[PDB]
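This is run.csv (CSV, C-alpha atoms).
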chain,number,residue,atom,x,y,z
A,1,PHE,CA,0.0,0.0,0.0
A,2,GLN,CA,1.2,3.5,-0.9
A,3,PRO,CA,-0.3,6.9,-0.1
A,4,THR,CA,-0.3,7.8,-3.8
A,5,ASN,CA,-2.4,4.8,-4.8
A,6,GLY,CA,-5.8,5.1,-6.3
A,7,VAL,CA,-9.1,4.7,-4.5
A,8,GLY,CA,-9.4,1.1,-5.6
A,9,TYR,CA,-5.8,0.5,-4.4
A,10,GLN,CA,-6.1,2.3,-1.0
A,11,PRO,CA,-6.2,0.0,2.1
A,12,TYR,CA,-9.6,-0.4,3.7
A,13,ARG,CA,-10.1,-2.0,7.1
A,14,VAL,CA,-12.9,-4.5,7.2
A,15,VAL,CA,-14.6,-5.8,10.3
A,16,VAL,CA,-17.3,-8.4,9.9
A,17,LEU,CA,-19.7,-9.1,12.8
A,18,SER,CA,-21.3,-12.6,12.8
A,19,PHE,CA,-24.4,-13.1,14.9
A,20,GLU,CA,-26.8,-15.7,16.0
A,21,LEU,CA,-30.2,-14.5,17.1
A,22,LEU,CA,-32.9,-16.0,19.4
A,23,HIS,CA,-31.7,-19.6,19.8
A,24,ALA,CA,-29.4,-19.4,22.8
A,25,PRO,CA,-28.8,-17.4,26.0
A,26,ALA,CA,-27.7,-13.9,25.1
A,27,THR,CA,-24.6,-12.4,26.7
A,28,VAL,CA,-25.0,-9.2,24.7
A,29,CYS,CA,-28.2,-7.1,24.2
A,30,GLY,CA,-29.2,-3.7,22.9
A,31,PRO,CA,-29.4,-0.7,25.2
A,32,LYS,CA,-33.2,-0.7,25.7
A,33,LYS,CA,-34.3,0.6,29.1
A,34,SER,CA,-35.9,-2.1,31.2
A,35,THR,CA,-39.5,-1.6,32.4
A,36,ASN,CA,-41.6,-3.2,35.1
A,37,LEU,CA,-43.1,-6.6,34.2
A,38,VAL,CA,-46.9,-6.7,34.1
A,39,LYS,CA,-48.5,-10.1,33.9
A,40,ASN,CA,-52.1,-11.6,33.6
A,41,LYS,CA,-53.0,-8.8,31.1
A,42,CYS,CA,-52.7,-8.1,27.4
A,43,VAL,CA,-49.5,-6.0,26.8
A,44,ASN,CA,-47.0,-5.2,24.0
A,45,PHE,CA,-43.8,-7.0,25.2
A,46,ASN,CA,-40.2,-7.4,24.0
A,47,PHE,CA,-38.3,-10.1,25.9
A,48,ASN,CA,-34.6,-10.8,25.0
A,49,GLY,CA,-35.2,-9.3,21.6
B,1,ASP,CA,-35.7,18.2,-0.9
B,2,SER,CA,-32.1,19.4,-1.3
B,3,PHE,CA,-29.1,19.2,1.0
B,4,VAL,CA,-25.3,18.7,1.1
B,5,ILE,CA,-23.6,15.8,2.8
B,6,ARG,CA,-20.4,13.8,2.6
B,7,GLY,CA,-19.8,10.7,0.6
B,8,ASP,CA,-19.8,8.0,3.3
B,9,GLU,CA,-23.2,9.3,4.4
B,10,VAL,CA,-24.8,9.1,1.0
B,11,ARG,CA,-25.8,5.5,1.5
B,12,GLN,CA,-27.6,6.7,4.6
B,13,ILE,CA,-30.1,8.6,2.4
B,14,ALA,CA,-31.6,5.3,1.1
B,15,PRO,CA,-34.7,4.2,3.0
B,16,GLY,CA,-34.3,1.5,5.7
B,17,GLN,CA,-30.7,2.2,6.4
B,18,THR,CA,-29.6,4.1,9.6
B,19,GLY,CA,-26.8,6.5,10.5
B,20,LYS,CA,-26.2,10.0,11.8
B,21,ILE,CA,-28.2,11.6,8.9
B,22,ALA,CA,-30.9,8.9,8.8
B,23,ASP,CA,-31.6,9.0,12.6
B,24,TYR,CA,-30.9,12.6,13.6
B,25,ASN,CA,-30.9,14.7,10.5
B,26,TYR,CA,-33.2,13.4,7.6
B,27,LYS,CA,-35.4,10.3,7.4
B,28,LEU,CA,-37.2,8.8,4.5
B,29,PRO,CA,-40.2,6.4,5.1
B,30,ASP,CA,-40.1,2.7,4.3
B,31,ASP,CA,-42.9,3.2,1.7
B,32,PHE,CA,-41.0,6.1,-0.1
B,33,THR,CA,-41.8,6.4,-3.8
B,34,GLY,CA,-39.4,8.8,-5.5
B,35,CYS,CA,-35.7,9.2,-6.5
B,36,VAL,CA,-32.4,10.1,-5.0
B,37,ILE,CA,-29.9,12.0,-7.1
B,38,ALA,CA,-26.4,12.6,-5.7
B,39,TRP,CA,-23.4,14.2,-7.5
B,40,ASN,CA,-19.9,15.4,-6.7
B,41,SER,CA,-19.5,19.0,-5.7
B,42,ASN,CA,-15.8,19.2,-4.5
B,43,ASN,CA,-15.1,21.9,-7.2
B,44,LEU,CA,-17.5,24.5,-5.8
B,45,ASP,CA,-18.6,23.5,-2.3
B,46,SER,CA,-15.0,23.1,-1.0
B,47,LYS,CA,-13.2,26.1,0.3
B,48,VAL,CA,-9.4,26.3,0.8
B,49,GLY,CA,-8.8,26.4,4.6
C,1,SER,CA,-63.7,-54.5,15.2
C,2,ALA,CA,-67.4,-53.8,14.6
C,3,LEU,CA,-67.0,-50.1,15.7
C,4,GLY,CA,-63.7,-49.8,13.7
C,5,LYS,CA,-65.6,-48.1,10.9
C,6,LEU,CA,-66.8,-45.3,13.3
C,7,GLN,CA,-63.3,-45.1,14.8
C,8,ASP,CA,-61.8,-44.5,11.2
C,9,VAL,CA,-63.7,-41.2,11.2
C,10,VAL,CA,-62.2,-40.2,14.6
C,11,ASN,CA,-58.7,-41.3,13.4
C,12,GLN,CA,-59.1,-39.3,10.1
C,13,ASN,CA,-60.4,-36.1,11.8
C,14,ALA,CA,-57.6,-36.2,14.4
C,15,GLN,CA,-55.0,-37.1,11.8
C,16,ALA,CA,-56.0,-34.2,9.6
C,17,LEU,CA,-55.9,-31.7,12.6
C,18,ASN,CA,-52.5,-33.0,13.5
C,19,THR,CA,-51.2,-32.7,9.9
C,20,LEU,CA,-52.4,-29.0,9.8
C,21,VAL,CA,-50.6,-28.2,13.1
C,22,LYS,CA,-47.4,-29.9,11.7
C,23,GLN,CA,-47.6,-27.6,8.6
C,24,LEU,CA,-47.9,-24.5,10.8
C,25,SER,CA,-44.4,-25.4,12.0
C,26,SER,CA,-42.7,-25.2,8.5
C,27,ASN,CA,-40.6,-22.1,7.6
C,28,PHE,CA,-42.4,-22.0,4.2
C,29,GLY,CA,-39.1,-21.0,2.5
C,30,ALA,CA,-38.2,-18.0,4.7
C,31,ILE,CA,-35.3,-17.0,6.9
C,32,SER,CA,-37.2,-18.1,10.1
C,33,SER,CA,-40.2,-20.2,10.9
C,34,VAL,CA,-41.4,-18.0,13.8
C,35,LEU,CA,-43.5,-15.0,12.8
C,36,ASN,CA,-42.5,-13.0,15.9
C,37,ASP,CA,-38.9,-13.8,15.0
C,38,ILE,CA,-39.1,-12.3,11.5
C,39,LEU,CA,-41.0,-9.3,12.9
C,40,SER,CA,-38.1,-9.0,15.3
C,41,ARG,CA,-35.1,-9.3,12.9
C,42,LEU,CA,-36.0,-7.0,10.0
C,43,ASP,CA,-37.3,-3.6,9.3
C,44,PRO,CA,-40.7,-3.5,7.4
C,45,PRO,CA,-39.7,-3.0,3.7
C,46,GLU,CA,-38.7,-6.6,3.1
C,47,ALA,CA,-40.5,-7.9,6.2
C,48,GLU,CA,-43.8,-7.5,4.3
C,49,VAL,CA,-42.4,-9.8,1.6
D,1,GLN,CA,10.0,-36.4,23.1
D,2,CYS,CA,8.7,-39.5,21.1
D,3,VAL,CA,8.7,-43.3,21.7
D,4,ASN,CA,8.3,-45.3,18.5
D,5,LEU,CA,5.9,-47.9,19.9
D,6,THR,CA,5.9,-50.2,16.8
D,7,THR,CA,3.1,-52.6,15.9
D,8,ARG,CA,5.0,-55.3,14.0
D,9,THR,CA,1.9,-55.2,11.7
D,10,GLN,CA,-1.7,-53.7,12.0
D,11,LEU,CA,-4.1,-56.4,13.2
D,12,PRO,CA,-7.0,-56.7,10.6
D,13,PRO,CA,-9.8,-54.1,11.5
D,14,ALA,CA,-12.5,-55.6,13.7
D,15,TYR,CA,-16.2,-54.6,12.8
D,16,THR,CA,-18.8,-54.5,15.6
D,17,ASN,CA,-22.5,-53.5,15.0
D,18,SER,CA,-23.4,-50.1,16.5
D,19,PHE,CA,-26.7,-50.5,18.4
D,20,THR,CA,-28.7,-47.4,17.5
D,21,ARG,CA,-26.4,-45.3,19.7
D,22,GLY,CA,-25.5,-41.6,19.1
D,23,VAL,CA,-28.2,-38.9,18.4
D,24,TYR,CA,-27.3,-35.4,19.5
D,25,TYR,CA,-29.5,-32.4,20.2
D,26,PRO,CA,-29.7,-30.2,17.0
D,27,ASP,CA,-30.2,-26.7,18.4
D,28,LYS,CA,-30.7,-25.1,21.9
D,29,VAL,CA,-34.5,-24.7,21.6
D,30,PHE,CA,-36.7,-26.1,24.4
D,31,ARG,CA,-38.9,-28.8,22.8
D,32,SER,CA,-41.3,-31.1,24.9
D,33,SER,CA,-44.1,-33.5,23.8
D,34,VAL,CA,-43.4,-33.3,20.0
D,35,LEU,CA,-42.0,-35.6,17.2
D,36,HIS,CA,-39.7,-33.0,15.5
D,37,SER,CA,-37.9,-34.0,12.3
Written form, structure tokens:
Amino acid sequence: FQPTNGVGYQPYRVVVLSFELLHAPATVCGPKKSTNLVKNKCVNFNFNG
Amino acid sequence: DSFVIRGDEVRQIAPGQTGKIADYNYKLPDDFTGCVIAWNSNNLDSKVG
Amino acid sequence: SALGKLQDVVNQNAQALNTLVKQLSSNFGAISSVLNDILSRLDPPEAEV
Amino acid sequence: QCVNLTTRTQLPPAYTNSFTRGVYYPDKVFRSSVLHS
């Protein structure tokens, strides 16, 4: 790699993230604020994604 | 609707994709019917210094 | 064995209901079999499809 | 370090019948009371 190279010859850093969703215990989750759990009634719920 | 952005944010204009521009600056709906036209402007919109 | 003919009807009715519940399980050629899962993973614009 | 244990010759392979042993869980999904293929 050289600084005078073209755009197609410039070095690009590639990071690929591979995921598996909703088939195992999740060590990592999105920053959604936890709310109180309400049971025995109709509610819109998001549990572990 | 007209604006000026940088190149790496141009893909953020397309509907369904997120970013700084898509989340905090300008958002298109998922059912958007229209066109996106982007062209280079480094000759006139770039100032020395 | 005399009442076997009547039982046939019970077997067939139950078998058919069972076959339908089994089909409800198939992914039908998608990324996921669970409807809540595909609503979770994707934004609308291809989730409708 | 190495020790050259030497088998003068390999004994002919012995074949035994596996008795329907060895089926693993496919994925970590809780399944109960079902015949899942």
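Near chain C, within 10 Å and counting only C-alpha atoms, the residues of chain A are residues 21, 22, 46 and 49 of chain A.
Atom CA of residue A:1 lies 26.0 Å from atom CA of residue B:40.
You will find atom CA of residue D:32 at 21.2 Å from atom CA of residue A:47.
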From C:45, C:29, C:15, C:1, residue lying nearest residue B:29 [only C-alpha atoms]: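 Smallest distance to residue B:29 is found for C:45.
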My list of candidates is A:25, A:11, A:17, A:38. Which is closest to chain D when distances are computed with all atoms listed in the file? A:25
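Any residue of chain B with an atom no more than 12 Å from chain C counts as a contact; using all atoms listed in the file, that gives residues 14, 15, 16, 17, 18, 29, 30, 31 and 32 of chain B.
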Near chain A, meaning an atom within 10 Å, which residues of chain D appear when counting all atoms listed in the file? Write them as number ranges by chain. D: 27-30
Interatomic distance, atom CA of residue A:7 to atom CA of residue B:36 (Å, one decimal):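 Value for the atom CA of residue A:7-atom CA of residue B:36 distance: 23.9 Å.
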For chain D against chain C, which residues fall within 12 Å using only C-alpha atoms, given as a list in words? residues 34, 35, 36 and 37 of chain D
Between B:13, B:47, B:41, B:8, which residue has the minimum interatomic distance to residue B:27, considering only C-alpha atoms?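 So, comparing all the options, the nearest one is B:13.
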